[PDB]
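In case you want the letters, here they are:
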Amino acid sequence: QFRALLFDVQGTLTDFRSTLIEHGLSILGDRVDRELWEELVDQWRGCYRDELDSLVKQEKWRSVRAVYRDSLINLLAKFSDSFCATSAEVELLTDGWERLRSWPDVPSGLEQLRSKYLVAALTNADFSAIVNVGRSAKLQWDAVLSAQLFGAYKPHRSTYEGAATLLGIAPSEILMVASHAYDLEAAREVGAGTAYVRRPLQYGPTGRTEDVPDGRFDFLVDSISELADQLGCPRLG
Amino acid sequence: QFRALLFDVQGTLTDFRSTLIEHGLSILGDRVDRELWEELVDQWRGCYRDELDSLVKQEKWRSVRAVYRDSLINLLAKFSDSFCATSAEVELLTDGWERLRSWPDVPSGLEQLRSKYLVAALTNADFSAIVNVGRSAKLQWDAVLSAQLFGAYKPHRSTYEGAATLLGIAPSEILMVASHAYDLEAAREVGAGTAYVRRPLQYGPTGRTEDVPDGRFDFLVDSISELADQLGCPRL
């Protein structure tokens, strides 16, 4: 039934939280303790989601890198007592979102899926970010699709359907793979299949995760490889 | 100086002629001689090029698959005394353009380049076509860019510049890689580096060769691996 798997990347395929924590700490060093920087990372993603939530409501697209940067600048103002960052460091910190490392299952998972499916990124991240993430996260796609291509973020239907259009397939032939229910629900609305990837450490060792029940989505897996097995993709050697 | 190599794919990386000849012969079987099908394949590409020139002149974008299909249909009418195709075979024949096999240097050449460069396809083919060709030609990209993304075909500046902007890199940090002078000349006009890949068999043995001397483009190579070597990429 499915011709292509479209993947959310951040969190779903990538441990963005570990990346952004280690990245900030590498850049800022002694200037912020791990505990405070983790807090910042969490608020940063939170500001990002709030801005994207806003932009989706406004049916507007803007550079997600600019979203991360503006959110970071707003957050550095909030924490200006604790530490500061130069504009150069703001850019280097914001680069962290394009340095996401993948979960260990993901490369072999993606490779396994490719025997039977096209695999494409469908990310709200700017096109250049997902391309960069491809390198840090060792993601090799048939296609990289970004909100930037459609002028709209997920969950807007034009992303999934524009992905379907670009891939020359029906939305019903897309299996959306995400570790965020909103993404799957929105893909479902255009008729795509839904594959939920549990990422219990996505928000850290004490992070609160969606408790997706079986039967909510077409697939519910702990790894891309397990998804690949359930789609009948031959195992890798 | 280059952060990304942007590749034309058809001809540059793929032996489309051999692909389309073998593909058509597979589909049509006894119905067509190799010599006739070769001629049609060459005329088909020419109809595509003519129609693409029209659309480019005409500042419109159209599905390139539809361009191939429509031109094939027109060619089948011209060749109707010799053989026929059903509509299903028209689709299957048209699919050959999405089944391009690469020249043998290309996959390892692309792999050698990735150590230092982002490698992206920038094709006039539809997005789904180049994705499909990624499978048939074993092309693994950092990014797949199509004229379809830009509503304009190469050589239009919005393709190279859209590619640059999408990749988040200056055009001058793009090395455009193509086996067609027009593509490199247009990429040059937006500031991209130029690498001409000679493909002497691109149009088969009797094909006419572009007058591309050394120094006309930044690089002049016979393989993607050779380009990789000249760009300082270690062998894998």
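Residues numbered from 1 in each chain as written, not as in the entry; some residues may be left out. Chains lettered and ligands numbered in written order. Heavy atoms only, no water. Residues with missing side-chain atoms left out of burial classes, pairs and counts.

We now examine the overall build of chain A. Summing up its helical and strand segments, chain A has 10 helices and eight strands in all. Rg of the C-alpha trace for chain A: 17 Å, near the compact-globule value of 18 Å for 237 residues, within the 12% margin. A principal-axis box enclosing the C-alpha atoms of chain A has dimensions of 55 × 40 × 30 Å. Counting only contacts in chain A whose residues sit at least 6 apart along the sequence, the fraction spanning at least 24 positions is 68%. (Helix = DSSP H or I, 4+ residues; strand = E, 2+ residues; numbered from the N terminus. Rg over C-alpha atoms; globule rule 2.2 N^0.38 Å. Contact = heavy atoms within 4.5 Å.)

Okay, the sheet that holds strand β5 (residues 193-197) of chain B next. Residue and element names in this part refer to chain B. Spatially, six strands are ordered β3-β2-β1-β4-β5-β6 in an open sheet, and the strand pairing comes out parallel. Edge strands, defined here as strands with exactly one partner in the open sheet, are β3 (143-146) and β6 (219-221). Each neighbouring strand pair of the sheet contributes to a mean axis angle of 25°, computed without reference to strand direction. Along the sheet, helix α6 (residues 127-137) contacts β2 (118-123) and β3; its crossing angle with β3, the most-contacted strand, is approximately 140°. (Pairing = 2+ DSSP bridges. Axes fitted to C-alpha atoms, helices over the stretch in contact; angles between N-to-C directions.)

Time to look at unusual backbone geometry. Looking along the chain, the bond that leaves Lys154(A) and enters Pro155(A) is cis, with omega of 15°. Within the secondary structure layout, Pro155(A) lies in the loop between α7 (147-150) and α8 (157-167). With an omega of 10°, the peptide bond between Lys154(B) and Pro155(B) qualifies as cis. Note that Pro155(B) resides in the loop between α7 (147-150) and α8 (157-167). Even without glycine at this site, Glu59(B) takes up a positive phi of about 50°. The topology assignment puts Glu59(B) in the loop between α2 (34-57) and α3 (64-78).

On to the packing of aromatic side chains. All names here are of chain A. For the coordinates displayed, the defined rule picks out 21 aromatic pairs over all chains. Between the aromatic rings of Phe-16 and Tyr-203, the centroid separation amounts to 6.3 Å while the plane-to-plane angle is 75°, which identifies the pairing as edge-to-face. You can see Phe-16 sitting in helix α1 (residues 16-28) and its partner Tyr-203 sitting in the loop between β7 (193-197) and β8 (219-221), a full 187 residues away along the chain. Its relative accessible area of 1% is what places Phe-16 among the buried residues. The class of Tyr-203 is partly exposed, set by a relative accessible area of 23%. (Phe/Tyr/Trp six-rings, centres within 6.5 Å; stacked < 30°, edge-to-face > 60°. Buried < 20%, exposed > 50% of the residue type's maximum accessible area, 1.4 Å probe, protein only.)

Our next topic: the interface of chain B and chain A. Contact with chain B, which involves 21 residues of that partner, is made by 22 residues of chain A. Of the roughly 1,700 Å² buried between chain B and chain A on both sides combined, carbon and sulfur atoms contribute 55%. When the area that chain B buries against chain A is broken down by residue, the three leading residues are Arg135(B), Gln140(B) and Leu166(B), summing to 33%. Where chain B meets chain A, there are two salt bridges. Along the contact surface separating chain B from chain A lie nine residue pairs in polar contact. Going through the elements one at a time, β2, α6, β3, α7 and α8 of chain B are the ones with two or more residues in the side of chain B that touches chain A. No other element matches the five residues that α6(B) contributes to the side of chain B that touches chain A. Tallied by class, residues from the side of chain B that touches chain A come to 12 nonpolar, six polar and three charged. (Buried area = accessible area lost by both parts, 1.4 Å probe. Salt bridge = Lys/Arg side-chain N within 4 Å of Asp/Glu carboxyl O. Polar contact = N/O pair within 3.5 Å; in protein donor to acceptor, adjacent residues only side chain to side chain. Nonpolar A, V, L, I, M, F, W, Y, C, P; charged D, E, K, R; others polar.)

Quick look at the nonpolar core now. Inside soluble globular proteins, nonpolar side chains tend to come together where they are buried. Ranked by internal contacts, the top residues of the largest apolar core, which has 173 residues, are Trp37(A), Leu113(A), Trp141(A), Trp37(B), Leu113(B) and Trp141(B). Counting residues per element, this core draws most heavily on helix α2 (residues 34-57) of chain A, at eight residues. When residues no more than four places from it in sequence are discounted, the contact partners of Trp37(A) are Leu20(A), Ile21(A), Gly24(A), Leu25(A), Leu28(A), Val32(A), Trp44(A), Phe83(A) and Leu93(A). (Core = buried A, V, L, I, M, F, W, Y, C linked by side-chain atoms within 4.5 Å.)

Once that is clear, we can look at the pattern of salt bridges. Summed over the entire model, instances satisfying the criterion amount to 42 salt bridges over all chains. Each of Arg65(A), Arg69(A), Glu91(A), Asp95(A) and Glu98(A) takes part in salt bridges that share partners, so that together they form one network.

All names here are of chain A. One can read the domain layout of chain A as domain 1 (4-15 + 100-230) and domain 2 (16-98). Distance from the C-alpha centre of domain 1 to the C-alpha centre of domain 2: 23 Å. Counting from both sides, the interface comprises 27 residues of domain 1 and, opposite them, 24 residues of domain 2. Here domain 1 packs against domain 2, burying approximately 1,900 Å² in sum over the two surfaces, 50% of which is carbon and sulfur. Taken as a group, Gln-10, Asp-15 and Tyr-153 account for 32% of the area that domain 1 buries against domain 2, more than any other trio of residues on that side. (Domains from an automatic or database assignment.)

When the parts of a complex come together, some accessible area is lost, and that lost area is often used as the size of the interface. Residue and element names in this part refer to chain B. Each domain of chain B was delimited in the assignment, giving domain 1 (4-15 + 100-230) and domain 2 (16-98). The straight-line distance from the C-alpha centre of domain 1 to that of domain 2 is 23 Å. Surface buried jointly by domain 1 and domain 2 totals about 1,800 Å² across both partners, of which 52% is contributed by carbon and sulfur atoms. Together, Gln-10, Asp-15 and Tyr-153 form the three largest contributors to the area buried by domain 1 at its contact with domain 2, with a combined 35%. Our count for the contact surface shared by domain 1 and domain 2 stands at zero salt bridges. Scanning the region where domain 1 abuts domain 2 turns up 13 residue pairs in polar contact. When contributions to the side of domain 1 that touches domain 2 are tallied by element, the ones reaching two or more residues are α6 and α7. Here the element with the most residues in the side of domain 1 that touches domain 2 is α6; it accounts for five residues. Residue classes in the side of domain 1 that touches domain 2 are distributed as 10 nonpolar, 12 polar and four charged.

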